[PDB]
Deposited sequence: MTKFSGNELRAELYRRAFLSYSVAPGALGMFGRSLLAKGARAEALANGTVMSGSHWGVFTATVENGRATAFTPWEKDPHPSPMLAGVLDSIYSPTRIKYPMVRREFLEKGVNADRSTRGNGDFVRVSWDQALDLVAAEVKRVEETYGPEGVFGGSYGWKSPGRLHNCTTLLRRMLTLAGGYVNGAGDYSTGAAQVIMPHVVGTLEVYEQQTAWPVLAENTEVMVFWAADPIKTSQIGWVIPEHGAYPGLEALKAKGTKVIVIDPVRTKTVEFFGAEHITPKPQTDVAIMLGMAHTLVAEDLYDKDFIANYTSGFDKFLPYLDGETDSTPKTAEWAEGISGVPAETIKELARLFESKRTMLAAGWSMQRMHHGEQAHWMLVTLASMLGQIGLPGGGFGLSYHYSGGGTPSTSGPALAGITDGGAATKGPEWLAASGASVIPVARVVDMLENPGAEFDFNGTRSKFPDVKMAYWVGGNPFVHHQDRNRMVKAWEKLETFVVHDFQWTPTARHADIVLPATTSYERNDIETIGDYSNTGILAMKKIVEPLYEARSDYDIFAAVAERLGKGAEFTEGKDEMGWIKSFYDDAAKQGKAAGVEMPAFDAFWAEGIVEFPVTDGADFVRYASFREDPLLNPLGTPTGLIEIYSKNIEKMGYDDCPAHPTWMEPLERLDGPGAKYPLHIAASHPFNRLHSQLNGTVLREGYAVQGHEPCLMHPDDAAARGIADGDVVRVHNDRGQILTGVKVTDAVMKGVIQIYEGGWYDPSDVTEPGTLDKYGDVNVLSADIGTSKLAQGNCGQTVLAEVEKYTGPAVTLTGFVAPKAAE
């Protein structure tokens, strides 16, 4: 092959140059307003040294099965086998666990970002196969908004976090003050769950062009601060709820708040006020009290409050601040403050929880929705971040949103499209708990830490080696794209669909899994359903072969540019109620009161977390801002040429303030040891005043590279920040992860020299 083909990914729509059957360049779509620089690593990931070539079986597992020594998982001692031998083995283990232990013995949650595509959806295909096998245990919720997605339904009656926002053009005309609270939209808008349209960049440009006042509340001076030249407030991490309380107190004491919005559209403020004023605990939540906890000057807190009440203000909040202990309080308190300001439902005012993710706010079109392949459908479901608790405590009870259940006794886990050996918290705890599993099977196209720890590893293909169909724009529904095959499958890789169809055949359910269709048969069935709906809806669409030839169909915008969140509620609350018990915004919740949880009271409350910067009696001195990477999508693309632009002496970078480096005798470029009571990792330092003093930045997603897998607490040589995090729930209400509640110490490294081993394939898979 020679020529150009159009396809897409989590980073955008692109055109590939193909020279003699090798892809040589990926060029952005000409209609993409702001392409991501990561595209070059996407191309590289097809061919890099960590591409998985053949099916492999861990030697100890091949030789002894259930009696293998499970403490050597991760050491790289693999044996190459034929596909027929691998598929027979996988089918035999699925059958054995289902027959001996039941559906409760198989964990199939398989959390992960995978790749877009309606047919080649590896995690849905995994559940489709396991359902035909007898069943499995599944996961509930996600690692992004684990706390916020449970508390919003109790407060505003809807999910809220993954719903369309007041449109960007409406903000440009009406907003006077734009606040980015714990959000860095310049960094996080580069990717989409489905294909991204990068709709936030023109939206942010328009705010800057109109001269709107922008305020950023974040411990790091990010690209969003720089882009706008914004006013920047730097709180100590995990203290945002205290600042919010101090603002609320100020509005009450100066008699500025909207008493009519409070009286007519909310419920429970009378129960919250005594707490705010200090009647219940002798502690008035003043701006001065708030300064003592957060470090932000009391006069600044009062001035911000006054400004927000007197101008049309939009509170745009990100999700880092609820990915922490007691994380439910942050967005519950933000909605309470927004109710006191009284602008919810007005054009350009109120709050928004998705302006930093997947285009939220880009005007929606009138096109039809596209559907894909389905899954065919102790506890049968657990909160996703309780996976290690589950393995350590089979049969024990756990609390979750008002209900009590028991953990299932799992013996096998099957993971595709995810990297738990990078994404889950407390790596050393996790490594020890994984010994409880008899069998661990993984599919991926790259040799991640998760692939290196499996018993059986099967090489998948990338999206660039097959055909598929997907929507452009999670919220905008801009159009539908043909994700055309670019190169033939490499080495001995197969799509997840083909792997699962062959396992299903072996369990005698081959026809139920494929439904008699092939790749193009399935894709046309999804496209005809969307074209039929479109017709009902008056939206014209071509026939499938003609759509495939063009490669894309775009839809028209009708009234999408005028959408204003909460306008009909504001217009008449009795006629357009919220989904809560009272029909109003619940500041005090009687349902949460009845649950009786000590770590989630019935109104927003300041509570001390497990550990925080400058907390009374804190052991470690620095907070780690363990946030999302600028030049990776989580762990994706770490094993590519992009690593060279950011690694420091080959390690993952650590940003540190000049005063904190000087006290430790550390210089820019030094290799350092970052440690606490849970673990120890190596990173390379970059000295900068971009991080506030007392905070260090190490992004999540680095590929864990242990020195010796049989040594408890072994040093990670590359820089996986989850070796340092604690694995606990946000509270009994949501049970979300706390991946950003982390303190540690840093010292110059003085041990033996080290050789990095995570970016080349295991010797036997070469």
**Missing residue ranges, deposited sequence indexing starting at 1** = 1 to 45, 423 to 434
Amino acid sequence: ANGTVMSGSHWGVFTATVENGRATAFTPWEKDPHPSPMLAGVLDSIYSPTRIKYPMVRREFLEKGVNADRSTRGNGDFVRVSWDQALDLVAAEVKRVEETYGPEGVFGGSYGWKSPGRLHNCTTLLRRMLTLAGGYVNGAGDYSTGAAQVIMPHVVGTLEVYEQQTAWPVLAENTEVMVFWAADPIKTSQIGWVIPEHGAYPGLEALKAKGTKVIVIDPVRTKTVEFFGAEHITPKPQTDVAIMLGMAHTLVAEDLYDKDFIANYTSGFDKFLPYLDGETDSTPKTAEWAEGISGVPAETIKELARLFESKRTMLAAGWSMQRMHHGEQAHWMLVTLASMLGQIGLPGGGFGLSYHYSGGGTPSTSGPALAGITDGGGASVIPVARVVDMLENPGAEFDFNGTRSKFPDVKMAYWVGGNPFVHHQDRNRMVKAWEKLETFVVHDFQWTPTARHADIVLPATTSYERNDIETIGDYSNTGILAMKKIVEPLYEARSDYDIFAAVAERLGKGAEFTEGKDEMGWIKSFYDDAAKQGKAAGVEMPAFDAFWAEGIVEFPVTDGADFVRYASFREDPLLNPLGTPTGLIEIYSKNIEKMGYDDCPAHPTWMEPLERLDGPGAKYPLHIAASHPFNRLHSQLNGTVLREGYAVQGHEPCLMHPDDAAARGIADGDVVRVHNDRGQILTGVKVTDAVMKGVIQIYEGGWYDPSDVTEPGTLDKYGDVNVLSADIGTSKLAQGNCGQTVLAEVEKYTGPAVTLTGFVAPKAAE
From here on, numbers count along this sequence of modelled residues.
**Asked** Which has higher Cα B-factors on average according to the PDB entry: 289 to 297 or 530 to 538?
**Response** 530 to 538
**Item:** Mean temperature factor over C-alpha atoms, higher-scoring stretch between 322 to 330 and 486 to 494
**Value:** 486 to 494
**Request:** Check the PDB entry and point out which of 665, 609, 473, 420 has the largest C-alpha temperature factor.
**Result:** 665
**Peak C-alpha temperature factor (PDB record), options 551, 109, 621, 202** = 551
**Fill in**
Entry-reported C-alpha B-factor of residue 27 relative to its chain, by third, is highest
**Request:** Taking the values exactly as deposited, rank residue 340 by C-alpha B-factor within its chain and report the matching third: lowest, middle or highest.
**Result:** middle
**Complete:** Tertile call for residue 555 (CA temperature factor, within chain, third-based) is the highest
**Asked** By the record's CA B-factor, is residue 272 among the lowest, middle or highest third of residues in the chain?
**Response** highest
**Prompt:** Going by the entry, which third of its chain does the Cα temperature factor of residue 753 land in?
**Reply:** highest
